[PDB]
Amino acid sequence: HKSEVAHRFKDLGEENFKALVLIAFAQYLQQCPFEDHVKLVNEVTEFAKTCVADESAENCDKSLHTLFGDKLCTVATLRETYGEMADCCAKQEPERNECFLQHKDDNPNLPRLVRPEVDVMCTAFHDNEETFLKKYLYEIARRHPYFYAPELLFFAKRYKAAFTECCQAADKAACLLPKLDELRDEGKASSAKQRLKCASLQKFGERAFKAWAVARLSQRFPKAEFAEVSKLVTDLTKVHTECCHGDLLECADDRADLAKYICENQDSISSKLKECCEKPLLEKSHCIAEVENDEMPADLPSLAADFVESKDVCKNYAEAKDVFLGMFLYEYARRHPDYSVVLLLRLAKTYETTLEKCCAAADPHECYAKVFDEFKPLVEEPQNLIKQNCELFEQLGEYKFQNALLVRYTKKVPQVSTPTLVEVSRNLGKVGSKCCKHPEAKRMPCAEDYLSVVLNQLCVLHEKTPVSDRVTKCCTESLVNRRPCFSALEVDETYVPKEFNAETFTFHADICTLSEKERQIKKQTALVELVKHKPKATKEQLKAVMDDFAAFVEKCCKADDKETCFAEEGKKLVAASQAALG
Ligand SMILES: CCCCCCCCCCCCCC(=O)O
Ligand SMILES: CCCCCCCCCCCCCC(=O)O
Ligand SMILES: CCCCCCCCCCCCCC(=O)O
């Protein structure tokens, strides 16, 4: 094209253009204030329009990288605020843009973002929607500089819908706060999932990434032929490699190209792609990535004939081992959309280990005749963990399920900090809540995705502040072994009970009318401290103390003099509990 800035402006339309430009500058210049960025965005937008009017006017024929970089090099506080990043300006393209990318900051040391009160939020949203929404977009972008700009834009539109719905409601806070909860968690997850894929590509390498993609794409597109899946695996891997190592525009072009190839070849790939493929360029790759699994073909045969029974198994394998294993993973995965991806990779690894043994043995065919039997323990372990945890979740409800996990995990790794124990147990409880309301066939994939983000959060915290060799092992294992390493953790027989501290077990009158979350967290914090203090306490003894706690809170929140109730009845409860637990 004559003018890439005009091309993009036309493809995107003014409103998306401006939003994306704001995210771009915020991701590179994480410390500049909102108003400074609004001025850069307006100036870039004004310039873009001249190019749309006449693609031969001044500067309109420069690359986007050239234009973007030039604008960055005009910021007056560049050296003052970003130091060595100003020296990127002494370079030509493409080294200049390379240099700018090296200076982004994953952990920007910015203050926690405060959710204002619901009435303040709705008022700001009514009084100036544009500013309200753009400011939050800016705040999120500068805190997540690698997050894919278009997906950020997809969340922003969901925020807008939530304020539109809930600000005109009768009970604004009870409408909105659950929606904002849901969206913040989905956004945190998406951000963690992206970081995780990039780390894992570097740690475990490209072959392992392709294995993962074969499994994932085959579940999603089970009517596609292996040759088409293999094609998509190769293109997907290239896309991910660039998006991990790359600037926004290179990632965007790679994603747009794959989406277009997919949309042109729907008939070969999936029947569920028509809606997505109608959508505007901006949303297409995203929509595709989130499409539901196609229906698998009817009356597919058993894998036995090709992978066990044939005389030619070792020959077909040795001819090209990764193609054969890829084929095994394709056939297995498309027949089992109810499996986690990591389970399918365990099976593939098991199959490979068996062929490596058996193809060099005296009688290969006899040696690998029972390989499918080796799959059964692998499959049953996650299915049985889901049933047990979902049965417990149905008995207790979310909050008491969380409390069960708090007790469980605190005894297993009592050296972890209380906030971390509380946060991770709370999150695991929310994985239960989400995934146990799916039917059996959808639980294992759901669990896999969401556990992967909770366990990632834990491993991130633990790397920064190590306390347990056992957690370190789980965190540095292969991605396929990570969750079973955590499930295999046992009770810590070596922990020395924390000393009693009375202030830890004191509570105040405000407990009564505080937010549902805030009340829960205060109770769960004390539950963890109780288990840390009394790690040998039995289930019946903890139930008794927990029951007494609940009678104590019920009494004191109905009293007229609440501060004295909490202090006087609080001391009694503590002394009774200490006697019972010994
Ligand atoms: C205590 C958390 C409750 C979440 C629901 C239970 C999940 C059990 C593990 C599922 C297996 C994840 C995928 C895998 O490792 O194959
Ligand atoms: C503090 C570490 C938390 C570990 C979370 C593992 C996720 C799966 C939870 C299912 C219950 C534990 C599995 C088991 O012990 O068999
Ligand atoms: C030995 C000192 C123990 C003091 C007793 C405090 C116990 C913590 C209460 C845990 C919350 C229970 C859950 C609930 O009923 O909401």
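Residues numbered from 1 in each chain as written, not as in the entry; some residues may be left out. Chains lettered and ligands numbered in written order. Heavy atoms only, no water. Residues with missing side-chain atoms left out of burial classes, pairs and counts.

What the entry reports as its method is X-ray crystallography, with 2.100 Å given for the resolution.

A. Fine view of the state of the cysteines. According to the stated counting rule, one finds 17 disulfides in the structure shown. Each sulfur of the disulfide joining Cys 166 and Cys 175 lies 2.1 Å from the other. With the S-S bond torsion at -60°, the cross-link from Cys 166 to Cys 175 turns out left-handed. A disulfide bridge connects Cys 314 with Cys 359, and the sulfur atoms are separated by 2.1 Å. Residues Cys 314 and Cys 359 are joined by a disulfide whose S-S torsion is about -90°; by sign, that bridge is left-handed. (Disulfide = S-S within 2.5 Å.)

B. Molecular detail of the site of ligand 3. Around ligand 3 sit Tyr 399, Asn 403, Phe 505, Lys 523, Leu 530, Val 545, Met 546, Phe 549, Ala 550 and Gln 578, and that is every residue in its neighbourhood. At 3.2 Å, a side-chain N or O of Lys 523 approaches an oxygen atom of ligand 3. Considered on its own, ligand 3 offers 500 Å² of accessible surface; in the complex 94% of this is hidden by protein. Sorting the residues of the shell around ligand 3 by element identifies α22 (375-412), α27 (516-533) and α28 (539-556) as the ones contributing at least two each. With four residues, the top contributor of residues to the shell around ligand 3 is α28. Along the lines of polarity and charge, the residues of the shell around ligand 3 split into seven nonpolar, two polar and one charged. (Near = heavy atom within 4 Å. Polar contact = N/O pair within 3.5 Å; in protein donor to acceptor, adjacent residues only side chain to side chain. Areas by Shrake-Rupley, 256 points an atom, 1.4 Å probe, with all protein chains shown as cover. Helix = DSSP H or I, 4+ residues; strand = E, 2+ residues; numbered from the N terminus. Nonpolar A, V, L, I, M, F, W, Y, C, P; charged D, E, K, R; others polar.)

C. Broad picture of the environment of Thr 81. Along the chain, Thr 81 falls in helix α5 (residues 78-82). Judged by relative accessible area, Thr 81 falls into the partly exposed class, the value being 37%. A C-alpha to C-alpha distance of 10.0 Å links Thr 81 and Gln 30, two positions 51 residues apart in sequence. (Buried < 20%, exposed > 50% of the residue type's maximum accessible area, 1.4 Å probe, protein only.)

D. Seen up close, the packing of α28 against helix α29 (residues 562-581). Viewed as axis vectors pointing N to C, α28 and α29 meet at an angle of 170°, and their least axial separation amounts to 10 Å. The orientation of α28 with respect to α29, classified from their angle, is roughly antiparallel. Between α28 and α29 lies a crossing of right-handed hand. Contacts between α28 and α29 involve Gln 541, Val 545, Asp 548, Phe 549, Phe 552, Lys 555 and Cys 556 from the first element and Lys 562, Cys 565, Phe 566, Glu 569, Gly 570, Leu 573, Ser 577, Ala 580 and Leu 581 from the second. Residue composition of the contact of α28 with α29, grouped by class: nine nonpolar, three polar and four charged. (Axes fitted to C-alpha atoms, helices over the stretch in contact; angles between N-to-C directions. Parallel < 35°, antiparallel > 145°, perpendicular 65-115°, else oblique. Left-handed = near helix turned anticlockwise from the far one by under 90°. Contact = heavy atoms within 4.5 Å.)

E. Expanded view of the UniProt feature "disulfide bond" in the protein chain. Of the UniProt disulfides, the one joining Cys 276 and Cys 287 is satisfied here, as the sulfur distance of 2.1 Å falls under 2.5 Å. Taken together, the residues span a long stretch of sequence, with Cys 276 in helix α15 (residues 274-278) and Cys 287 in helix α16 (residues 281-289) at a distance of 11 residues. As far as the burial class goes, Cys 276 and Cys 287 line up, both buried. For the UniProt disulfide pairing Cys 358 with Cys 367, the two sulfur atoms lie 2.1 Å apart, close enough for the bond to be present in this model. (UniProt positions renumbered as here; feature names shortened; annotations may be inferred.)

F. Structural context of the packing of aromatic side chains. One pass over the structure, following the stated rule, counts 28 aromatic pairs. Where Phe 125 meets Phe 132, the ring centres are 6.2 Å apart and the plane angle is 80°; that geometry is what we call edge-to-face. Looking at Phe 125, the relative accessible area reads 9%, which means it is buried. Grouped by ring-pair contacts, the aromatic residues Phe 307, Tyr 317, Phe 324, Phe 328, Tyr 332, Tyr 339, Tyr 351, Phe 372 and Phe 375 constitute a single cluster. Sitting over the face of the ring of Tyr 28, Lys 104 holds its NZ or CZ atom 4.0 Å from the ring centroid. (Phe/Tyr/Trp six-rings, centres within 6.5 Å; stacked < 30°, edge-to-face > 60°. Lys NZ or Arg CZ within 6 Å of the ring centre and 35° of its normal.)

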